[PDB]
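Given next, in structure tokens, is a single chain: the form deposited in one PDB entry.
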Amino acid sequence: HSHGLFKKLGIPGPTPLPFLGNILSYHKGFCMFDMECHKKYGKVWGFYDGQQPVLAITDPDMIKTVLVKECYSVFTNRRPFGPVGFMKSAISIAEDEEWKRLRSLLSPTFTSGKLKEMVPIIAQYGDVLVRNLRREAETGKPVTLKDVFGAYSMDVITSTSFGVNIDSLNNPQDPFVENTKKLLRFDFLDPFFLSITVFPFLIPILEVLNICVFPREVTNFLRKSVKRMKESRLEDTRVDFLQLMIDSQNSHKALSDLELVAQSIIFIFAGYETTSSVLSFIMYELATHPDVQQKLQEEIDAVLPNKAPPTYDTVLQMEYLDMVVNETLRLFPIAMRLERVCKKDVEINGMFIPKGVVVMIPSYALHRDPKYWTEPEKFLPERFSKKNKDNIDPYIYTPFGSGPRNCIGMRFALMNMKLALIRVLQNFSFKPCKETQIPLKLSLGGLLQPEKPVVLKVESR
């Protein structure tokens, strides 16, 4: 019924099929589909996810208008993605006045001052990582980076969100470690999410059946655990994401007990695989380019002599490490996309955007577009050198998004990732094993993950 919207506005795009739109074009994934449409349609094109029209914009000025300028007025919320249950109070899922209240009451939790107080806690499990890394290195066999980084990210999440101190690699039995290990990213091209994308009318049916997109067993366990910790913390009468929220609940509007639980889980969901996935991507690019690995290891030793422990100020000093992280995020933006919902009829940069249309920014396509990048398929971390760090457009390179709805944990994630990278590199060096796919291929699903898990030879330095 709504498949003729983009034709009447003179907007190019793939011709849609009845009842499906262009979901069949997802056979290569969102990343490949967006890049092909960028080459075959220019700067602005459109497509349909079932009956939902999606407009893709690549003009940096338009991206600025959608994400920053007209964010509060028009482009405020993301598209609904399925039955959420009580998790509708999550900040990433909240909409309109609920989101603005929640972000205002949660912004101080991610301050630079509070982050400097969280560095020592994250540093403790960096030493835990190298201990398990040494045993894996002494074996003489290749090591999958997803598991060692997942154990590290899980350890950081448990100690930052709560007061739980666990070695996940050697103790995969605590209830925190078990349930949280199932908090993986959403494959939006799997049979379930594909079915709800074509059948959005089934989302309310799933909600009334108490069928939540998140595992119900994990959510109920975590909610009860917070209730146990909230009472136990009172009996003990701190640097915790929970404690910072508790210190805000007692002193816009207030924050509810169920809201605090919902935001606590979303932090785990936002950090478990995302941190580990980027860490695996970073180490793979260092192994195949040892010149970058050598210079980064030399820079780490210069700022931190004699294998010194990292500090908040020292992490921000290391420049080449920031270049490695940024360039890897350019090649692999694990979000792959940025989406906003147009809540009203509006014209942006001389273009009419009707209400209800989802506006999408192809982060992966822009990050590998030749117009803004030279040899985009190569791992050249020098693109972000201080002299060359200004030529890049901040709205073509959006790994953490932009505007008031960007990643609220960008500073925490960058510090957590960099703290791990300093410790592992100054003690270990990584070489490509035989099982490593030198031309590593990306998965064809809804996740920006490699086709095969990255395996790399590891040795003591």
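Just so we're on the same page, rigid core means the largest C-alpha set that superposes within 1.5 Å between forms. All residue numbers are counted from 1 along the displayed sequence.
The same protein has a further form, the form deposited in another entry, not shown here; the description that follows concerns it.
Superposing on the core, which single option in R131, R228, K378, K371 has a CA shift of 2 Å or more between this form and the one not shown?
It is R228; the other listed residues stay below 2 Å.
Indicate whether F186 shows a C-alpha shift of 2 Å or more between this form and the one not shown, with the rigid core used for the fit.
Comparing forms between this form and the one not shown, the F186 CA shifts at least 2 Å.
Does the C-alpha of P14 move 2 Å or more between this form and the one not shown once the rigid core is lined up?
For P14, whose C-alpha is compared between this form and the one not shown after core superposition, the shift is less than 2 Å.
Once both forms sit on the same rigid core, is the C-alpha displacement of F214 at or above 2 Å between this form and the one not shown?
It does, since the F214 C-alpha is displaced 2 Å or more between this form and the one not shown after the core fit.
Closer or farther: C-alpha pair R185/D155 in the other form, relative to this form, given a change of 3 Å or more
Their C-alpha distance grows by at least 3 Å in the other form.
In the other form, shift in Cα separation for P191 relative to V278, 3 Å or more:
Result: farther.
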